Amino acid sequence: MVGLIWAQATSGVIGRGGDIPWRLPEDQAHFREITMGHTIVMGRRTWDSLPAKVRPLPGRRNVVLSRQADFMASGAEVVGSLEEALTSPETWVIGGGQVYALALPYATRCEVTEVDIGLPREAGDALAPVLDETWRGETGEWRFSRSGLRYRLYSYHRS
């Protein structure tokens, strides 16, 4: 089972300028709940965006995709191909834009957080993948953050 997990603005934006363009603690707990104890796979750019205190993400086997055979990352398994990255029975792909696109055909689950923020797409943004009709989805009820942000969770499956 390969799953994708991401948080997006309604527009589809998941990243801009190498960061996630909002703060949503409740989403972080959700992310932790889904991924804990499992292998997580991420692109090198997403690995870089992790704060040092949380790099590698603890309690998870961190796998980082890079075409750089040189690339070093303490606490992470650096691999040069997707095949090398998806060798765990339950694998969660945690970003970013490039790697969601690469892993999407391998995926049978998506766990999506939608953030109700005004954030129209700009050229060069990292974007969420588009889920087509092969997917079946359940839409969660809207929640309000601490904070000021409305958000909701989707669970998507295909067999």
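Start at 1 and count along the sequence shown; that's the residue number. Rigid core (definition): largest C-alpha set, two forms, superposition within 1.5 Å.
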Of 136 to 144 and 11 to 19, which departs more from this form in 9 other deposited structures of this protein by CA RMS after core fitting: 11 to 19
Greatest C-alpha divergence in 9 other deposited structures of this protein once each structure is fitted on the rigid core, 116 to 124 or 91 to 99: 116 to 124
12 to 20 or 143 to 151, whichever carries the higher mean Cα B-factor: 143 to 151
Stretch exceeding the other in mean C-alpha B-factor - 62 to 70, 27 to 35: 62 to 70
Options 48, 125, 114, 111 - largest CA temperature factor per the record: 48
Third of the chain, ranked by Cα B-factor, where residue 83 sits: highest
